[PDB]
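Input: a single structure, listed below in structure tokens.
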Amino acid sequence: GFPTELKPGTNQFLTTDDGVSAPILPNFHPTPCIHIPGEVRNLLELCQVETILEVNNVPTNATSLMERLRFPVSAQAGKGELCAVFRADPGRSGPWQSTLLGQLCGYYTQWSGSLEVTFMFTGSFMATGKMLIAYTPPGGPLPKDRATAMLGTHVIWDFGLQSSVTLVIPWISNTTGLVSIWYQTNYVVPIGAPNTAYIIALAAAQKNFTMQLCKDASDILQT
Amino acid sequence: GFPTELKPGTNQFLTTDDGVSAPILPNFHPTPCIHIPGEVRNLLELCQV
Amino acid sequence: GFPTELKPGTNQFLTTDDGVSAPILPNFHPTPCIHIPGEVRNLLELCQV
Amino acid sequence: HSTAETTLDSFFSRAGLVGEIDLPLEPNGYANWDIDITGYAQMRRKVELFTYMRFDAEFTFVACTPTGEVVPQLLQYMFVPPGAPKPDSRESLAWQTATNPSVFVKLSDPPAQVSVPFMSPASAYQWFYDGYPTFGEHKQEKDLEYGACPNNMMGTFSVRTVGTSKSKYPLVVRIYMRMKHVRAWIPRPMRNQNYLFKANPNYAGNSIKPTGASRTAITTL
Amino acid sequence: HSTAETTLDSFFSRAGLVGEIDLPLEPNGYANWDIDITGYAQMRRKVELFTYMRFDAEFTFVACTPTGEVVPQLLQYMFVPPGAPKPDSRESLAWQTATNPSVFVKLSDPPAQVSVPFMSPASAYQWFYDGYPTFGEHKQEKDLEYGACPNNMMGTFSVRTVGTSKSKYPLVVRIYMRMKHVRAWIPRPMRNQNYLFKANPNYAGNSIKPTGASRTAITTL
Amino acid sequence: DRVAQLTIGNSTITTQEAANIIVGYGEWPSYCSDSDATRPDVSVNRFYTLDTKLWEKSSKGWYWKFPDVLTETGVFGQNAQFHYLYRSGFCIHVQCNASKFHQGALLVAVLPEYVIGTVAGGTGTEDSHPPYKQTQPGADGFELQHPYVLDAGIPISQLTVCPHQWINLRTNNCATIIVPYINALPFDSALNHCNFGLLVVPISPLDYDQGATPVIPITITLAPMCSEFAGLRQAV
């Protein structure tokens, strides 16, 4: 007869309690845990993965839909003009929504951490030229010209020498930063090289990336 | 006055739980376990036949 | 079958009980205690002012 | 620093609404709920993020009138394991078979909850089985036994009112489910296009849409 | 000498009345309660004694009729975290999304209480944000978002009855809240003038009053 | 970087290891020594060199499905019909050869359990399931229709979460992937459970100026590893 008085909150059903409840079949031994490759224990292990960053945004209509993963880079019109720019926040909708990162962050709310942006050039072995990638922190808007962009944190990127350049986004937490890509140089096309080449952009999170709050997003499902 | 809260699932009757319940006759000593040949403790020992 | 007897005073809701309740977000790690100057833990330290 | 929120057991262990069973006055007097981790119409997307998964799960049953009104009825919840027969009708031997576990609760009693272990012969569930199950069926016309691996069937849930004489109160049974001890494996890229069927990943080719939102040009904001 | 009564956890950890919720028969059948430590229309001053505070708090739900009658209904209390969506209408999917935790209790059953940890991205709550919110730019017209630091939003509470058809019994839901693990910091001098707005310490300049009572002269009693 | 002379059993390739060399899942293929709850070495481990599929400017992609690709072709193909149980790893080596005056990156990547789906349509019908000649294409492979969703509502944008290797004719013209045994069961029928499906998807399309052979081939060469079989059936 151990005396107890029922503290309020009895009989309640909570959808989040980490309680252990009675088992249907106590005498049941499941199929033993065998070893299978590619076990994941945390979602961060996905955020460290190079994924494609949809920068180009044109669904006209679906045949050209695959042109969303690529940049246009040609001789024309020429030097100095802006090539492409994009947002710097995965949660936002959403050129980042291509990444697994963007989608995963869509199942969360609060972010924190550094980001890697890896660009790959896909032109001929012969074509050269250099381009300027500049990072712009939250405060302050898109710098109007390269001269102003150079002053900020930036990366002078060549083709002819290296084809893969990684840009490190230093930090993000809660305008939300900007990244601008510039024609520093002309687009050289020897003789038979195509005047226009395309670029693929890869993005991923740093090892110090964290999310904090579970939340569920938008999908549809009919009969 | 030991604080307790009824985790949901109380008062339920489940056909398989191995819970221990009150005995009808507390003061009763059953007929003692004698030795009987051919004791079976697991059905697998039958499947080997 | 743990024997219990419900001592009177059950189900009472008292605005002063030092009870611990089920947490809404068990899997949630709050923003960690960073250092902020001038912490006060007892009001007397103001009464000495 | 805190990375528990990004753990699987923090990513799934939430009780979701999975089953909604109607027991009206004037369907047949019983119901069989084929267990499917969908129903909670988003876990679907959250699950096909991985290919191979394995988990134990706790079910919880909240039962009431459509009013929400509470009535002193005595229900019977029955778990019907895979392979075992489902209740043919209201008074078939399936209620008494006792192999299939049963839960007898009132509604005055708090919601009944039960745990269910992992029930596949395989080492883990699959959300994708590109091929045909053991063993291969021929004879044409058939094109239906595909991407369906019955090794992932978790069994069925059945409810009474109970018999023999009919109830007086219209009842609804809200079914809640939460995962535990989760271990996933090789990761899939998350869906981008709308679902069409359950147990089949077809899509609307006539209407393909971009993964995320879009702009007018790249150089603008 | 004994100063335990004058400690913070002895100075705040008492459950105060924060919410008065009406659920009539014939507003729409639901209610959304934005969490505000006020309501207990004195806690502000008791809180505005300090600037930075941080605490977890346990909420308790007492439900009855205006009569005081106890009726066999099954309520659903739902915690909706910051940023997360609010119920669009009474039957929106925000009830089933399950990310936002839910509490199913009867009224025959005793008051449900649940605890809520400290939920700010900041290291502590702020009751004073001298400046404009992240990121207040220029370009006028807007000028209401002042002294408002959304880092202090603790989330929201929503209730159903539950569906689908509305109840027969009129309900009121009393919400009680109690603090835990309080730690304050830089102390403010206590308010002297009557409040006028929430999230803003304006005062009535036409009607300023002395801090305490007053006398006729200094040399008199 | 000049020279290449690699030979095994009977087959012979000529590649190199001057750029990116090897991508594995993080685990080399191995055996098993439990209660399960033949190991050919002197025939199977030979480079099966598939058929070089062409690549036009306006291609959309291709994808083979293992182990169907070889199950009806090769000595290995033979001892798969006769045996019922199967287990192996793979040394996929994709190599495209083209000039410096071309351009256009490719994505060699392996997607385990590649369950596919076709478009509902045609006549006004709502439901349909893909034929055997699209789920088990065989050596020739199958030209996919809708890349962006991998004929499965699966964005390529996130495909790199799975084992992958880029082929950019600027830098690299060769790809090498090592794939281990991946299954919920330690053994499965090789005939009716095609595991991972290799797929080659072009993102930056092949381009060239006027007059320059618009068709560069893709030599896919693969070789099994740690193959394993058990019981066998009768011969014709």
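State, to one decimal in nm, how far the label point of E:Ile21 lies from the label point of A:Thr63, with both points 7 Å from Cα in the Cβ direction.
5.7 nm
I'd like the distance separating the alpha-carbon centroids of the range A:64-78 and the range E:15-51, in whole Å.
Here the two parts' Cα centres lie 56 Å apart.
Within chain B, list the GluC sites (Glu not before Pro) lying in a DSSP loop whose Cβ has at most 15 other Cβ atoms in a 10 Å radius. Walk me through the numbers on the way to the answer.
Working: sites: B:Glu5, B:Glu39, B:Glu45; in loops: B:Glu5, B:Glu39.
Sites meeting the loop and neighbour criteria: B:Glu39.
Which of the three applies to chain F, rounded, prolate or oblate, going by the alpha-carbon gyration tensor with a ≥ b ≥ c and a/c under 1.5 meaning rounded? Could you put the intermediate results ahead of the total?
Values: a/c = 1.84, a/b = 1.21, b/c = 1.53.
Judged from the Cα gyration tensor, chain F comes out oblate (a/c at least 1.5, b/c at or above a/b).
Mind checking which of E:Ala57, E:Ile218, E:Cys149 is farthest towards the positive end of chain E's charge dipole, using Cβ charges of +1 (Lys, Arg) and -1 (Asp, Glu) about the Cα centre?
Of the options given, the answer is E:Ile218.
Using θ = phi - 60° and the Karplus relation 6.51 cos²θ - 1.76 cosθ + 1.60, list the HN-Hα couplings for the range A:36-46 in order, rounded to whole Hz, with x at every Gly or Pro.
These are the phi-based 3J(HN,Hα) values: 10, x, x, 7, 10, 10, 8, 5, 4, 4, 8 Hz.
Could you tell me which of A:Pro30, E:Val162, E:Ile35 has its Cα farthest along the dipole of the protein assembly as shown towards the positive end, charges placed at Cβ (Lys, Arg +1; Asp, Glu -1), taken about the Cα centre?
Among A:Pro30, E:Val162, E:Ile35, the one farthest towards the positive end of the dipole of the protein assembly as shown is E:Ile35.
Label position 7 Å from Cα toward Cβ: report the copy-to-copy distances for D:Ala199 in nm, one decimal, ordered from shortest.
5.1
State the extension gain, in nm to one decimal, for the chain segment bounded by F:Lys53 and F:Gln78, taking 0.36 nm per residue of separation less the distance between their alpha-carbons. Mind dumping the intermediate values first?
Numbers: separation 25, 0.36 × 25 = 9.00 nm, distance 2.41 nm.
Separation in residues times 0.36 nm, less the Cα-Cα distance, equals 6.6 nm.
Taking the Cα centre as origin and putting +1 on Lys and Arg beta-carbons and -1 on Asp and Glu beta-carbons, what dipole magnitude results for chain A, to the nearest 20 debye?
Values: 12 positive and 15 negative charges, 128 e Å.
In total the dipole reaches around 620 debye.
Give me the Debye-computed log₁₀ of I(q)/I(0) at q = 0.08, 0.09, 0.13, 0.18 Å⁻¹ for chain E, equal point scatterers on Cα only, no solvent, two decimals.
-0.39, -0.49, -0.92, -1.35
Quick one: label points 7 angstrom along Cα→Cβ at D:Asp22, distances to the other copies in nm, smallest first?
When each copy's label point is compared with this one, the spacings are 3.5 nm.
Compute the distance in nm between two label points, each set 7 Å from the Cα along the Cα-to-Cβ direction, one at E:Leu221 and one at B:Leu46.
10.3 nm
So, in nm, how far is label E:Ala199 from label D:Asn200 when the simple model puts each one 7 Å beyond its Cα toward the Cβ?
Result: 5.1 nm between the two label points.
Restricting things to alpha carbons, tell me how big the protein assembly as shown is in terms of Rg and Dmax, in Å.
33.6, 126
Can you sort F:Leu198, D:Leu8 from fewest to most other Cβ atoms within 10 Å of each residue's own Cβ? Walk me through the numbers before you get to the answer.
On the way: F:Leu198 24, D:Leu8 19.
Ascending number of Cβ neighbours within 10 Å: D:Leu8, F:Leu198.
For the range D:86-125 and the range F:28-91, compute the distance between their C-alpha centroids and round to whole Å.
If you average the Cα positions of each part, the centres end up 44 Å apart.
In terms of modelled amide H atoms, which long-range or inter-chain residues lie less than 5 Å from the amide H of A:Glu116?
So A:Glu116 has HN proximity to A:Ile169, A:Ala204, A:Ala205, A:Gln206.
Using 19 Å as the cut-off for backbone N distance, which residues of the range D:1-41 belong to the label zone defined by a point 7 Å from the Cα of C:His35 along Cα→Cβ?
D:1
Which of D:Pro66, D:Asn202, D:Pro117 sits farthest toward the positive end of the charge dipole of chain D, with +1 on the Cβ of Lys and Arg and -1 on the Cβ of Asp and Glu?
Of the listed residues, the answer is D:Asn202.
Could you compute the FRET efficiency for F:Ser33 and D:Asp36, with r as their C-beta to C-beta distance and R0 at 45 Å, rounded to 0.05?
Efficiency, rounded to the nearest 0.05: 0.75.
Whole angstrom only: what separates the Cα centroid of chain B from the Cα centroid of the range F:93-124?
Chain B and the range F:93-124 have Cα centres separated by 61 Å.
Give me the dipole magnitude in Debye, nearest 20, for chain D about the Cα centre, with unit charges on the beta carbon: positive for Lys and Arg, negative for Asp and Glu.
Working: 22 positive and 19 negative charges, 102 e Å.
The dipole of chain D has a size of about 480 debye.
Taking a label point 7 Å from Cα toward Cβ, how far is D:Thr38 from its twins in the other copies, in nm, shortest first?
Spelled out, the distances from D:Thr38's label point are 4.8 nm.
What's the exposure ranking of E:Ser207, A:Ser114, F:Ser189, going from fewest to most Cβ atoms within 10 Å? Please report the intermediate quantities before stating the final value.
Values: E:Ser207 8, A:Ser114 14, F:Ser189 19.
Arranged by neighbour count, lowest to highest, E:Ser207, A:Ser114, F:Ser189 become E:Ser207, A:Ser114, F:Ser189.
If you place +1 on the Cβ of every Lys and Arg, -1 on the Cβ of every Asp and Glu, and leave all else neutral, what size is the dipole of the range E:167-221 about its Cα centre, to the nearest 20 Debye? The partial results should precede the final answer.
On the way: 10 positive and 0 negative charges, 69 e Å.
Dipole of the range E:167-221, to the nearest 20 debye: 340 debye.
Quick one: in chain E, whose Cβ comes closest to the E/D rotation axis, and how close in angstrom?
So the closest residue, with its distance, comes out as E:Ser108, 6.
Read-outs throughout are calculated quantities, based only on the coordinates presented, and are distinct from any laboratory measurement. Cβ sites come from the backbone with ideal geometry, for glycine too, and all protein chains shown count toward neighbours.
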